[PDB]
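> For reference, each letter of the sequence shown is one residue, going 2021 to 2263, 2291 to 2312, 2327 to 2339, 2349 to 2602 in the deposited numbering.
Take a look at this one; I'll ask things after.
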Amino acid sequence: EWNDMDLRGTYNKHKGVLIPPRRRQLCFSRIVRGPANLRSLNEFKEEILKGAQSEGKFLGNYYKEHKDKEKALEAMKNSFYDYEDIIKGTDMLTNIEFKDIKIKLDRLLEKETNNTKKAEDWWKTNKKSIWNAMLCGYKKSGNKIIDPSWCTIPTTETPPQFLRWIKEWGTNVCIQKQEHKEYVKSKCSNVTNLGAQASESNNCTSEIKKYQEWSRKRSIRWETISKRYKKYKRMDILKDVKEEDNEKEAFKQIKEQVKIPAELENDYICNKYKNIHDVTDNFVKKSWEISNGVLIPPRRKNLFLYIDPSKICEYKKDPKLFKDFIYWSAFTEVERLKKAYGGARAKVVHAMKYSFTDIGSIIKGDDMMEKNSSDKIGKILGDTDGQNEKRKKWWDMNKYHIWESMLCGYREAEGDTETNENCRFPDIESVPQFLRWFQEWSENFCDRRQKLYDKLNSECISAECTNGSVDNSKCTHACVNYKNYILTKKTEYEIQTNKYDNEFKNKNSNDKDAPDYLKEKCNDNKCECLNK
């Protein structure tokens, strides 16, 4: 069982270090001490080799318990990586006098004040010695890396000091968390299939509650583990005076798979942007021109997608680079989309939200306004009209990565601005595909609608007109905006009339009526300007 309280009491130094659940049971063959006064130099070298020899015998039988290859390799690397840190470190650990007494005996026996450094060579006199001993035996006893007429793994280079402990700590938490995720997926996997009642779900609900309490205990001490970790990175000691998930909430909270039966009754993430290091046309303030009666989408007319036919063969030869190139295409947006819009928070945030939904629509493979892009996509993948779950989830993870990338850039721009915008993605962007059609149509109505009444004050209604022809023209040329808005309303009526022709009323005409669809779609009085 988890001996956290017992470990804290026995350790007595108040550092929240908890061993994994598997690191409490071992073959009870080690004795506190063997011979009392039988002391000889080379013999106790063999004794620590015997310890290494003992380290060759627990994991030999323990390997058969976890027959999984990935789990076996993880456990074996952890076993042969943890123990060498204490012996190789030659520093203070959670041990009373075991290394201290032997080092005392070493400096007392060999020579005075001139053998400690050579004692370090003792480790390199025996760290490689243990590896060569196992090479003599056959490979049947222990599976290794498959080689021609040979089965061994390459020697692992010793990590630098202060880096080994975090690697041992890091691999420990990952294995435990993946084991418990495997347990939570194994238990209560299917609930909606004849399990809507609370009878059979009780055990898995209790398991989820226990796991949540686990995460609550694990969240608190990690910062304390980070607390001593931050204070132990002292550099330049000689001084005058001593001195995939989104955030941590994913770790504390449970995975969304339990959300179905859950119905009510320091900056390393941004550094990847550095790792992805290594065009403007002014299409937002342009003058709208009528051409063939079809409005040109400003968001889609200047799509940043240029496919080079010279590297089509590399799409079949080395796709793996091109995938990163696809990520580099996202990098184009993080060097193009952010700078183009402006500085106003709300308009810019809705701007790139609409840009991302438009590019996702373009890469949904359902709209066929472009021929070359559709043909190239069919050649590369041969997708279907709308049956692309993998492509949809791919766009979803690109959207999540681009949103996480935008957060660091906007946050880094200012130093004291308040984060009014939500760090995570609101559910409003998760609306269905005809809902995002409705969003695109609705976003162009009440903005300039509200702007229209603002222009009334700026007009010259106070000044009067008399004597036939007007005396001023600057206050009368602005009246063409009403006719332009009427033309926009007419083209929106034409497009919506065309919208009915898409389905043709074969089946599933509409989820609900449009008069209530427009008003109930908004949340907490958000449709005030929409057809008011």
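A virtual CB, placed ideally from N, CA and C, is assigned to each residue, including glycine.
Looking only at C-alpha atoms, which of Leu-2038, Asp-2581 and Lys-2569 sits nearest to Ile-2245?
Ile-2245 has its Cα closest to that of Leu-2038, out of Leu-2038, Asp-2581 and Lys-2569.
> Let me confirm a value: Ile-2228 is counted as buried when at least 16 other C-beta atoms fall within 10 Å, else exposed. Which label applies?
Classification for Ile-2228: buried.
> Helix, strand or coil: which one does DSSP assign to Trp-2170?
Note: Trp-2170 maps to strand in three-state DSSP.
> Can at least three beta-carbon pairs, one atom from the region 2379-2386 and one from the region 2454-2467, be found at a separation below 8 angstroms?
The region 2379-2386 vs the region 2454-2467: no contact.
> Count the other CB atoms, across all protein chains shown, that sit within 10 Å of the CB of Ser-2219; report buried if there are 16 or more and exposed otherwise.
Exposed.
> For a test of the three-state rule: what should DSSP assign to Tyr-2158, helix, strand or coil?
Residue state, collapsed to three classes: coil.
> Could you tell me if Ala-2095 is buried or exposed, where buried requires 16 or more neighbouring beta carbons within 10 angstroms of its beta carbon?
Counting Cβ neighbours within 10 Å, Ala-2095 comes out buried, since at least 16 surround it.
> In terms of residue numbering, what span does the alpha helix (DSSP H) encompassing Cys-2224 cover?
Taken as a continuous stretch (DSSP letters only), the alpha helix (DSSP H) holding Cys-2224 covers 2222-2251.
> Should residue 2271 go down as buried or exposed, given a rule of 16 or more other Cβ atoms within 10 Å for buried?
Along the chain, the last residue before the gap is 2263 and the first after it is 2291, so residue 2271 carries no coordinates.
> Spatial neighbours of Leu-2079 within its chain, please: CB distance less than 8 angstroms, with the 5 preceding and 5 following residues excluded, ordered by chain position.
Taken in chain order, the residues that qualify are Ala-2095, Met-2096, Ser-2099 and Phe-2100.
> Once DSSP output is grouped into helix, strand and coil, what is the label at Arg-2028?
Reduced to three states, the DSSP call for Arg-2028 is helix.
> Expressed to the nearest angstrom, what Euclidean distance is found between the alpha-carbon atoms of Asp-2428 and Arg-2370?
When rounded, the distance between both Cα atoms is 7 angstroms.
> With H, G and I counted as helix, E and B as strand and the rest as coil, what does DSSP make of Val-2193?
Helix, per DSSP.
> Are the beta-carbon atoms of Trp-2142 and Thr-2175 separated by less than 8 angstroms?
Cβ distance not < 8 angstroms, so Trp-2142 and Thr-2175 don't count as in contact.
> Within its chain, find whatever has a CB closer than 6 angstroms to the CB of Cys-2208; leave out the 5 residues flanking it on each side and keep chain order.
Only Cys-2224 meet the Cβ criterion.
> Using alpha carbons as the reference points, say which of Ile-2396, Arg-2184, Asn-2332 and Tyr-2083 lies closest to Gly-2479.
Here the closest residue by C-alpha is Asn-2332.
> Am I right that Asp-2105 and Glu-2188 are in contact with their C-beta atoms under 8 angstroms? What's the rounded C-beta distance?
Going by Cβ atoms, the distance from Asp-2105 to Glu-2188 rounds to 7 angstroms, so yes, they are a contact pair.
> Quick test of your reading: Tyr-2231 and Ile-2301, contact by CB under 8 angstroms. State the CB separation rounded to the nearest angstrom.
7 angstroms between Cβ atoms; contact.
> Tell me which residues share the same chain as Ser-2235 and place their Cβ nearer than 7 angstroms to its Cβ, disregarding the 5 neighbours each side in the sequence.
The residues are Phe-2298 and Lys-2299.
> Which one of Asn-2115, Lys-2295, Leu-2451 and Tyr-2252 has the shortest CA to CA distance from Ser-2239?
Residue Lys-2295 is the option with its Cα nearest to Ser-2239.
> Using the three-state DSSP reduction, which class does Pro-2502 fall into: helix, strand or coil?
Residue state, collapsed to three classes: coil.
> Applying the 10 Å Cβ sphere with the 16-neighbour rule, what's the burial state of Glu-2021?
Under this definition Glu-2021 is an exposed residue.
> Going by Cα to Cα distance, which pick from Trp-2242, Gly-2162 and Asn-2062 is closest to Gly-2076?
Closest by alpha carbon: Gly-2162.
> Is it true that the CB of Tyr-2411 sits closer than 8 angstroms to the CB of residue 2348?
Placed between 2339 and 2349 in the numbering, residue 2348 has no coordinates, as the chain goes from one to the other without interruption by modelled residues.
> Got a sec? Which residues, its chain only, sit under 7 angstroms from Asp-2351 by beta carbon, not counting five neighbours each side?
Only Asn-2372 meet the Cβ criterion.
> Go ahead and pull the three-state DSSP assignment for residue 2342.
Since the chain is numbered 2339 and then 2349, with no step between, residue 2342 has no place in the structure shown.
> So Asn-2023 and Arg-2044 are supposed to be a Cβ contact under 8 angstroms. How far apart are they, rounded?
With 8 angstroms as the limit, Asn-2023 and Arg-2044 qualify as a contact, their Cβ atoms being about 7 angstroms apart.
> Checking 8 angstroms against the spacing of the C-beta atoms, do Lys-2131 and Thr-2178 come in under that value?
For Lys-2131 and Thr-2178, no; Cβs fall outside 8 angstroms.
> State the DSSP-derived secondary structure class of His-2547, mapped to helix, strand or coil.
Of the three classes helix, strand and coil, the one that applies to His-2547 here is helix, per DSSP.
> If you follow the alpha helix (DSSP H) that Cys-2478 is in, where does it begin and where does it stop?
Run containing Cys-2478: 2459-2483, per the alpha helix (DSSP H) assignment.
> So, at 8 angstroms on beta carbons, what are the nonlocal neighbours of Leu-2129 in its own chain, with the 5 sequence-adjacent residues on each side left out?
Cβ within range, chain order: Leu-2061.
> Mark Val-2305 as exposed unless 16 or more other C-beta atoms lie within 10 angstroms of its C-beta, in which case mark it buried.
Per the 10 Å Cβ criterion, buried.
> Under a three-way DSSP split, which group does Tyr-2083 fall into?
In the structure shown, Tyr-2083 sits in a helix (DSSP, three-state: H, G or I).
> Tell me which same chain residues have a C-beta within less than 8 angstroms of the C-beta of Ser-2221, skipping the five on either side of it?
For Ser-2221, where only same-chain residues beyond five positions count, the Cβ hits under 8 angstroms are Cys-2208, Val-2211, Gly-2215 and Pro-2308.
> Ignoring anything shorter than 3 residues, give me the beta strand (DSSP E) runs that lie fully in the region 2517-2578, in order along the chain.
Listed in chain order, there is nothing to give.
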